[PDB]
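Undergrad: Protein chains in written order, with this note's numbering: chain A, 1 to 29; chain B, 1001 to 1160; chain C, 2001 to 2073; chain D, 3001 to 3080; chain E, 4001 to 4141; chain F, 5001 to 5073; chain G, 6001 to 6073; chain H, 7001 to 7742. Heads up, the beta-carbon is just placed ideally off N, CA and C, and yes, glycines get one too. Let me begin by handing over the structure; questions about it come next.
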Amino acid sequence: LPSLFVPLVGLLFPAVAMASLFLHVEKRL
Amino acid sequence: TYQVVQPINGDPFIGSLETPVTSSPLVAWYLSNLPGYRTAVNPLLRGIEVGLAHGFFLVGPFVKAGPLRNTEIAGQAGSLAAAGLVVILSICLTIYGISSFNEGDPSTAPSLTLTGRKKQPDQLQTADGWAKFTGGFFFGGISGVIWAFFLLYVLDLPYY
Amino acid sequence: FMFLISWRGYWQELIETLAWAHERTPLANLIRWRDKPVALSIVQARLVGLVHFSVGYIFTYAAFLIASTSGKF
Amino acid sequence: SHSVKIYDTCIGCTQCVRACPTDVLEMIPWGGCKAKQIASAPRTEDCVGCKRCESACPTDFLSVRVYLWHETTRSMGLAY
Amino acid sequence: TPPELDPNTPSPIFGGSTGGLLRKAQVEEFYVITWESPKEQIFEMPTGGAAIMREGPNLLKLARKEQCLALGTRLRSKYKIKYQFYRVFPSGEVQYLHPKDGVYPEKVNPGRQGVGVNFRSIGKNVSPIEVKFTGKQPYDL
Amino acid sequence: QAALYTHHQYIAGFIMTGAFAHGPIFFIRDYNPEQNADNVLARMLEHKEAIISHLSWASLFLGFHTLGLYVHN
Amino acid sequence: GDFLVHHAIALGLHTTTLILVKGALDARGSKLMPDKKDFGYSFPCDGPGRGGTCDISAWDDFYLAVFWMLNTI
Amino acid sequence: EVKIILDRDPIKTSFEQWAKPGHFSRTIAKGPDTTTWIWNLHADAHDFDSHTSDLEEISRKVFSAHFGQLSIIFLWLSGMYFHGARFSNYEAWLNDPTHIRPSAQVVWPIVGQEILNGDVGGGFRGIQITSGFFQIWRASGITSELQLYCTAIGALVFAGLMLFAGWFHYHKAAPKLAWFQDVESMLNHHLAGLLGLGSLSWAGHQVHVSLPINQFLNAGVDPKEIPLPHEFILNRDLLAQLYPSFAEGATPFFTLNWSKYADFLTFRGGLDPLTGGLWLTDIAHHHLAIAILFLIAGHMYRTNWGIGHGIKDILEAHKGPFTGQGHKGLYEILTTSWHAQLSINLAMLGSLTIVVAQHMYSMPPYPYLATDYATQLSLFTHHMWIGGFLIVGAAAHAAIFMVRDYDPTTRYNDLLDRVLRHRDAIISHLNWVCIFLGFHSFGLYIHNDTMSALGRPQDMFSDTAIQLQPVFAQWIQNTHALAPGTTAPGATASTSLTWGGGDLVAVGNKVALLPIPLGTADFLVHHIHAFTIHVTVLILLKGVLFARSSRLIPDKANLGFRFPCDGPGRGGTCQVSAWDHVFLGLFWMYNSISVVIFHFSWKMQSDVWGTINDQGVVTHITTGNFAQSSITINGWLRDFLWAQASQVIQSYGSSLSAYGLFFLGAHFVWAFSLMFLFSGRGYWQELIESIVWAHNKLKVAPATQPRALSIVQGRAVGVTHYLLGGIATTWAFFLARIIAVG
Ligand code: CLA
Ligand code: CLA
Ligand code: CLA
Ligand code: CLA
Ligand code: CLA
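Shown next as structure tokens:
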């Protein structure tokens, strides 16, 4: 049942994305 | 002539005030003994305690108010969710630390004691310590969930 | 309507009382913010307000347009 | 910080300097008007941008202008 | 002329307020305003409610400066007083801010040199396009 | 049929306001007064009060009577 | 019935245009703010002096016009 | 010191100042240069302490102003009584109150309005009133239109006396500042003189006119046959046949040994099964206790005989470890600042109006008031708004005091101090409670909506699923049920029928009152009330506490009480002023009161009001759907708004079409407010520039230079129309619904 791509888009991608953005945003070169 | 309410540490030009809920001997004793405030202890060590307590506690709300039980045999599985939330949280902590503290940097806590005893360097609050704290928070978080769940299997408690 | 009717000075003064709270709360002031919390700017408010007003506008009528039609066809 | 300029249209009334809440402007000798003085913005780093200065200028068009620029802690009026 | 220096002078009688200094004072900056009082008097605190001036030299630490001028301005009128305020920083260096040039800013002083004044006054500034791509800005000219 | 019509009329509407947004932006960022001296574009600004007041009259005329007739009925 | 709604439509068009072109033609300045250029397309205002100048920027009448365009469509 | 009457001789009386607009202000008496002048003239008209700084003059202005107010109220009462005499069917209604609709306004036959003169019964054409005056008049024993006509003249005469007094006490004999300040005196009189004698006086008319006449009306005798009230005073025989205790004179009262007066005075409690109103025998008795109580209370404060209390003494002696020397200096503040007094009085008078509404619906005082749902819904809703507004006004003047009269160097308080010295702790906490209440009241609804829409009714917060039974209110409810005989042996029946349990009262075919059920639906709405109220409190208290200073604006007090802002600096400082907090609080009061009166309207129709036949079968108006459908926002949209709004949108051609017109009419001005609330005067002033150009072109530009509304006025105009529009909509909606269905 491919409909299990939903969580990946639904949650995993968002979590990774958020974490990454958060890090990039708080970075101090 | 005796007022109970006083400026903080005797300094009226600084933020806070002194009240029975802030500087009572009972409140002071209690807060100084939480795992968080044991400045002199391993951060990792301090964390695990927080995880264990918090983990254990989280199982209750998930299981009892969960869609899966509510008369539905799923039951104690909820606890599993709780095991999922301590993962989310761990992630956040790891993030907070990574972003906050840098590797080379030193502690950012405050070295002066309330009484001015300059004598005290302190804490985690460093890239190294925080990682330890979260790392321990996790281990404790998972273990907390498991033991509550473990009790759930054995049963006997009045609520569930 | 909140962003469009209430303006900034009110929220700025509210947040700075919350800035006080966080620093004076035990166990919570172990965690410090890296970005200073402030009220949304004057223009930003009108943008955020308008977006809500517009999103609501479009989503409300669309819910009505489709349902009333497709319910009857 | 914000940008604040003055123009030879200034008449030396000195009102803005009196109006400013953060001591940004001051008066300096000049010879372009009967008052023989003109405003100056030597400390634009402390300005907040409330425009109380502008609100107090009687020139036809403001002789003191405040161009809101990059935001700093000082300009954002933060006590924290 | 050199500014005054301080500091070991006492501070006014107050009971404590929530409007007081915060972490910003510890890690960014904080300000001090100082004055001489003829009598022991009562005044309204910008941050808090009510405080008592102490006769003789007085020292007050406030966050933000504007608080310093607001109180100081009140000190000048209301009661007649002479005041000064400095910027503390956290290292320990201090910086004299106001008055900063002998006299107050309202009064013209010869020592002062102009900053940010355009001799072509008016709104004779050029259109934005003219400076387009030139880091400049029309007013800066 | 209902969906598609409503879809495009809102798209068209949003697009129309944007068209009248970059028009202003042009006047501020790119418009060169000397290089457009006395041409049709410049004359617009030259009699801008006349343009605006009549648009105001047309809006007031339509508004007063369309509402007026609706309320009467 | 078709007659009346069309005038409503006419009302909607004229007002939204009135807002937008008043915004465009006043982007570079007015009597209240002769130098509205130098400040750009989008700025919060010009303070409470000279009577008060909220929503005086060309960005802000766009902001106003969207409401009317939403009403029109 | 010794308290006495102090006045001064004539202080001018001429039309000279009528001819000079804005004379009261030195800035505005010079005339207009712009159109702003005109608005300022009306906005500073009543700002007396802004006119002069002398406290004596301000006090004299507000004293005559109160006479002016009373004059209007007396003129207003004169009309209601007059209209009940010339243009009403009160005499018709007096025979058949249960079927005939009360009406007291006839419309002229011009342009087609005569349609509004509908079938109100009694062979009469007019507009149904919901003021409630018919039930007051019947309760006072008013029989004929002659008596209403005499009261009309009496009120009008009083209106003249009030108006004359105001002139006399400002232009002829003006009270001195020392006279106004005698607060120990004034409280003694208002406690004993106004309230004590006032309640005593009405207890008399009741036990001589109301109680005798009402008994005749209930016996079923024709109103025209009933002897006039004065036939009861003269011939005691009539008032002896009924209520035989009158056989004796002052005895037993004079000989004590109370009482054989239990005959016309009792602690019966409950509700009259024939009139649906509170027992008149209880109400008369009630006013007897109130009189004496206030007469006793009127002798606490010391005046000119050394016996009593100095209020200044009482306050100073109330100081604790936690509070300092607090309460000291409050007497000098409250005797020196009008705004300080007005804030307390508004807060309390406003709070009183709110408890009045909740008390008049659950304990119907006037005969045939309960089953007239049209009036009860109107009375409750009316007082809720009046009380609601007055409370917001308390915040305004509390703020004004902080800005204008607050001086630590002259009139320190210590209690007011400390509060300012931790104002961030109070506001930050009140901030938190609101967020907690928002989530835990409204969030529960959104939860319910989502679960229902997903087809999971068992995952909702409801009586049939996850229950939130309000047990604390239920336990109390049960306690008042078991109150008579057990707790209060003197009480025969319950306090209210909402606590009855197994008791019901009906008049005609309609239900007067019955035990009101409480469930999860009632739990959710009450926390919504707890939520909305706090947020209103937050906005207003924040405005008062931070009125003078702030970390953002150290010298906000210098900018005044009513200013637009302090510029776009510091990120922007719009609506920092205390005025703008009152302005913001106004919307939230509206938000709170609106969900309160919706809570009332639905609960009453669904669970209380309805038809009852002689088999016991009760059929409620909306049929008890409150429990299962008020727990969802879609339910409120559908089963409440959509369903019940059908009467007002189907009222064209009917007698209720004016409500149909006001329904749309109010939607209009509400949306109209949004133009002012979402925009700024910068745009409008520039638009006016192009329009001013056109007039100059045709040589028709006015000297009074047109200007856009001030920043503050734009907010004043906006919130005013937002309130007028929103409230008037619900008004038209309520009245059409309850008149048609009820
Ligand atoms: C597309 C995005 C998305 C997806 C896939 C889900 C999926 C789910 N939601 Mg969530 N939710 C979302 C968005 C989403 N939600 C948003 C936007 C909101 C805010 C309105 C919520 C608010 C919400 C609430 C309040 C609840 C849910 C619940 C649920 C679960 C209900 C089904 C169930 O009972 O089975 C099984 C039930 C279980 C408890 C199985 C547990 C699942 C295991 C523990 C996963 C392990 C943890 C995971 C690996 C950690 C995440 C790592 C990742 C971030 C990298 C299901 C897993 C319910 C729930 O989870 O029950 C407590 C529930 O209470 N959702
Ligand atoms: C009848 C003769 C008379 C004359 C010639 C005056 C003349 C004067 N009065 Mg006096 N006054 C009078 C009667 C009179 N008054 C009465 C009967 C009262 C008792 C209420 C007062 C109470 C009074 C006070 C408290 C004050 C004066 C003041 C003044 C001076 C200011 C002039 C002015 O603008 O007034 C105003 C002209 C008006 C037309 C105002 C009309 C206000 C009425 C009451 C409104 C009625 C409410 C209305 C129905 C609301 C519905 C509105 C709706 C329909 C839209 C002026 C010398 C003022 C003063 O001394 O100057 C500093 C002052 O403070 N008067
Ligand atoms: C339903 C609410 C509402 C209404 C009625 C209006 C009405 C109007 N708008 Mg506004 N607008 C609104 C909402 C509304 N707007 C909102 C939410 C926004 C976003 C902020 C705007 C933003 C906006 C902008 C930027 C502009 C307008 C303009 C206008 C005017 C357009 C010309 C016109 O119709 O002439 C007819 C007039 C009317 C339809 C209103 C008159 C009302 C009655 C019929 C007058 C008669 C009164 C009657 C005697 C009763 C008196 C009562 C008594 C107490 C005195 C008109 C007054 C434009 C303008 O100023 O035109 C030149 C303008 O540029 N609007
Ligand atoms: C005991 C009652 C009471 C009294 C005596 C006062 C007295 C005062 N107030 Mg307060 N106020 C009150 C209650 C009261 N207020 C309440 C309940 C609120 C909450 C809304 C307020 C909120 C408030 C604010 C925000 C302010 C005041 C201010 C003032 C001062 C000047 C106001 C003025 O000039 O009048 C002028 C009167 C008008 C301009 C009339 C305007 C008409 C209104 C807005 C709409 C009426 C519509 C009507 C109800 C129905 C529509 C009919 C229409 C179609 C014709 C004056 C001391 C001002 C001040 O600065 O204090 C020193 C000030 O800014 N008040
Ligand atoms: C319907 C529109 C609306 C909404 C939702 C709000 C909401 C709120 N207002 Mg505003 N307000 C409004 C209109 C609105 N207001 C308007 C038109 C005005 C102009 C007068 C104001 C003026 C105003 C003032 C002056 C204040 C507020 C305050 C508040 C907050 C009160 C505290 C609270 O309840 O926390 C709870 C939050 C909610 C109940 C919002 C709903 C939350 C949902 C149901 C749950 C979360 C969804 C989901 C789980 C999130 C994840 C989704 C993910 C995909 C991102 C709250 C956020 C006060 C404040 O700041 O708080 C202390 C404050 O002082 N309002």
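#1: Can a CB atom of chain E be found closer than 8 Å to the CB of residue 7405 of chain H?
#2: Applying the 10 Å Cβ sphere with the 16-neighbour rule, what's the burial state of residue 7568 of chain H?
#3: Could you tell me whether the Cβ atoms of residue 4072 of chain E and residue 4048 of chain E are closer together than 8 Å?
#4: Listing by chain order, which chain F residues have their CB less than 7 Å from the CB of residue 4129 of chain E?
#5: Can you pull the chain F neighbours of residue 6015 of chain G, defined as C-beta to C-beta under 7 Å?
#6: Could you name the residues of chain F that residue 6062 of chain G contacts, counting a contact when the two beta carbons are closer than 7 Å?
#7: Below 8 Å between beta carbons: does that hold for residue 7175 of chain H and residue 7302 of chain H?
#8: Using beta-carbon positions only, say whether residue 7469 of chain H and residue 7387 of chain H come within less than 8 Å of one another.
#9: Taking 7 Å as the cut-off, is the C-beta of residue 1088 of chain B nearer than that to any heavy atom in ligand 1?
#10: Mind pulling the chain F residues with CB within less than 7 Å of residue 6040 of chain G?
#11: Please name the residue, chosen from C:2005, C:2034, C:2014 and C:2069, that lies closest to residue 1097 of chain B on a Cα-to-Cα basis.
#12: Answer yes or no: does any C-beta atom of chain C fall closer than 8 Å to that of residue 3007 of chain D?
#13: Does the region 7320–7335 of chain H touch the region 7231–7250 of chain H, meaning 3 or more C-beta pairs lie closer than 8 Å?
#14: Distance, Cα to Cα, residue 3024 of chain D vs residue 3017 of chain D?
#15: Pairing CB atoms from the region 7357–7377 of chain H with CB atoms from the region 7090–7103 of chain H, are three or more of them under 8 Å?
#16: Under 8 Å between the Cβ atoms of residue 7547 of chain H and residue 7402 of chain H?
#17: Would you say residue 6064 of chain G and residue 7679 of chain H are within 8 Å of each other, going by their C-beta atoms?
#18: Consult DSSP for residue 7040 of chain H and reduce its assignment to one of helix, strand or coil.
#19: Is there a Cβ of chain G sitting closer than 8 Å to that of residue 7015 of chain H, yes or no?
#20: Could you give the DSSP three-state label for residue 7620 of chain H: helix, strand or coil?
#21: Using a Cβ-Cβ cut-off of 6 Å (strictly less than) and excluding sequence neighbours within five positions of residue 7378 of chain H, which residues of its own chain qualify?
#22: Along chain G, in chain order, which residues have C-beta atoms closer than 9 Å to that of residue 3055 of chain D?
#23: Please classify residue 7072 of chain H as buried or exposed, where buried requires at least 16 other C-beta atoms within 10 Å of its C-beta.
#24: Where does residue 6041 of chain G fall in DSSP's three states?
#25: Could you pull out every residue in the same chain whose Cβ sits closer than 6 Å to the Cβ of residue 7288 of chain H, ignoring the five residues on either side in sequence?
#26: Can you give me, in chain order, the residues of the region 3017–3033 of chain D that have a beta carbon less than 8 Å from any beta carbon in chain H?
#27: Have a look at the DSSP bridge pairing and note the partners of residue 7034 of chain H.
#28: CB residue 1050 of chain B to CB residue 1061 of chain B, shorter than 8 Å?
#29: Please go through the region 7544–7601 of chain H and give each complete alpha helix (DSSP H) segment of 4 or more residues, from N-terminal end onward.
#30: Please state the DSSP three-state secondary structure of residue 1051 of chain B.
#31: How would you call residue 1148 of chain B, buried or exposed, if buried means at least 16 neighbouring beta carbons within 10 angstroms?
#32: Could you give the first and the last residue of the continuous beta strand (DSSP E) run that contains residue 4035 of chain E?
#33: What are the start and end residues of the beta strand (DSSP E) that includes residue 3027 of chain D?
#34: So, are the CB atoms of residue 7471 of chain H and residue 7540 of chain H less than 8 Å apart?
TA: Looking at the coordinates:
#1: Here residue 7405 of chain H corresponds to residue number 405 of the eighth sequence, with the count starting at 1. By this cut-off, residue 7405 of chain H is not an interface position.
#2: Walking along the eighth sequence from the start, residue 7568 of chain H turns up at place 568. Residue 7568 of chain H counts as buried, since at least 16 other C-beta atoms from the protein chains shown sit within 10 angstroms of its C-beta.
#3: As a first step, residue 4072 of chain E must be located in the fifth sequence, where it is residue number 72. As a first step, residue 4048 of chain E must be located in the fifth sequence, where it is residue number 48. Pairing residue 4072 of chain E with residue 4048 of chain E gives a Cβ-Cβ distance that is not under 8 Å.
#4: Looking up residue 4129 of chain E in the fifth sequence gives position 129. Within 7 Å Cβ-Cβ: 5029, 5030, 5031 and 5032.
#5: The sequence position of residue 6015 of chain G within the seventh sequence is 15, counting from 1. By Cβ distance, chain F contributes 5059.
#6: Taking the first residue of the seventh sequence as position 1, residue 6062 of chain G is located at position 62. Simply 5017 and 5021.
#7: Residue 7175 of chain H sits at position 175 when you count from the first residue of the eighth sequence. Residue 7302 of chain H sits at position 302 when you count from the first residue of the eighth sequence. Not a contact, by the Cβ cut-off of 8 Å.
#8: Here residue 7469 of chain H is taken as the residue at index 469 of the eighth sequence, counted from 1. Here residue 7387 of chain H is taken as the residue at index 387 of the eighth sequence, counted from 1. In this structure, residue 7387 of chain H does not lie closer than 8 Å to residue 7469 of chain H by Cβ.
#9: Taking the second sequence and counting its residues from 1, the one referred to as residue 1088 of chain B is at position 88. True, at least one ligand heavy atom lies under 7 Å from that Cβ.
#10: The count along the seventh sequence starts at 1 and reaches residue 6040 of chain G at position 40. Neighbours of residue 6040 of chain G on chain F, chain order: 5028.
#11: Taking the first residue of the second sequence as 1, we reach residue 1097 of chain B at position 97. Closest in alpha carbon position to residue 1097 of chain B, among C:2005, C:2034, C:2014 and C:2069, is C:2034.
#12: For the purposes of this step, residue 3007 of chain D is taken as the residue at position 7 of the fourth sequence. Residue 3007 of chain D does not count as touching chain C.
#13: Three or more Cβ pairs closer than 8 Å define a contact, and the region 7231–7250 of chain H falls short of that threshold against the region 7320–7335 of chain H.
#14: Along the fourth sequence, read from residue 1 onward, the residue named residue 3024 of chain D stands at position 24. Along the fourth sequence, read from residue 1 onward, the residue named residue 3017 of chain D stands at position 17. Roughly 8 Å between the two C-alpha positions.
#15: With the cut-off at 8 Å, the region 7357–7377 of chain H and the region 7090–7103 of chain H touch.
#16: Taking the first residue of the eighth sequence as 1, we reach residue 7547 of chain H at position 547. Taking the first residue of the eighth sequence as 1, we reach residue 7402 of chain H at position 402. When the beta-carbon positions are compared, residue 7547 of chain H and residue 7402 of chain H come within less than 8 Å of each other.
#17: What you label residue 6064 of chain G is simply residue 64 of the seventh sequence in a count that begins at 1. What you label residue 7679 of chain H is simply residue 679 of the eighth sequence in a count that begins at 1. Cβ atoms of residue 6064 of chain G and residue 7679 of chain H: closer than 8 Å.
#18: What you label residue 7040 of chain H is simply residue 40 of the eighth sequence in a count that begins at 1. Reduced to three states, the DSSP call for residue 7040 of chain H is helix.
#19: Locating residue 7015 of chain H in the eighth sequence gives position 15, counting from the first residue. Interface with chain G (8 Å Cβ-Cβ cutoff): residue 7015 of chain H is excluded.
#20: Start at 1 with the first residue of the eighth sequence, and residue 7620 of chain H comes out as number 620. In the structure shown, residue 7620 of chain H sits in a strand (DSSP, three-state: E or B).
#21: What you label residue 7378 of chain H is simply residue 378 of the eighth sequence in a count that begins at 1. Only residues of its own chain outside the window of five on either side were considered, and among them 7130 have a CB closer than 6 Å to the CB of residue 7378 of chain H, listed in chain order.
#22: Along the fourth sequence, read from residue 1 onward, the residue named residue 3055 of chain D stands at position 55. Within chain G, the C-beta atoms nearer than 9 Å to that of residue 3055 of chain D come from 6047, 6048, 6049 and 6050, in chain order.
#23: Position 72 of the eighth sequence, counted from the first residue, corresponds to residue 7072 of chain H. With fewer than 16 other Cβ atoms from the protein chains shown falling within 10 Å of its own Cβ, residue 7072 of chain H counts as exposed.
#24: Working through the seventh sequence from its first residue, we reach residue 6041 of chain G at position 41. It is coil, neither helix nor strand.
#25: Stepping through the eighth sequence from its first residue, residue 7288 of chain H is reached at position 288. So the qualifying residues of the chain are 7203.
#26: Cβ contacts with chain H: 3021.
#27: What you label residue 7034 of chain H is simply residue 34 of the eighth sequence in a count that begins at 1. According to DSSP, residue 7034 of chain H bridges with H:7705.
#28: In the second sequence, counting from the first residue as 1, residue 1050 of chain B sits at position 50. In the second sequence, counting from the first residue as 1, residue 1061 of chain B sits at position 61. No, Cβ-Cβ distance for residue 1050 of chain B and residue 1061 of chain B is not below 8 Å.
#29: You should have 7556–7559.
#30: The count along the second sequence starts at 1 and reaches residue 1051 of chain B at position 51. Note: residue 1051 of chain B maps to helix in three-state DSSP.
#31: Within the second sequence, numbered from 1, the residue matching residue 1148 of chain B stands at position 148. Result: buried.
#32: Translated into the one-based positions of the fifth sequence, residue 4035 of chain E becomes position 35. Residues 4031–4037.
#33: To locate residue 3027 of chain D, count along the fourth sequence from 1; it is residue 27. Note, residue 3027 of chain D: beta strand (DSSP E), 3026–3029.
#34: In the eighth sequence, the residue the question calls residue 7471 of chain H occupies position 471. In the eighth sequence, the residue the question calls residue 7540 of chain H occupies position 540. Here residue 7471 of chain H is not near residue 7540 of chain H, since their CB atoms are 8 Å or more apart.
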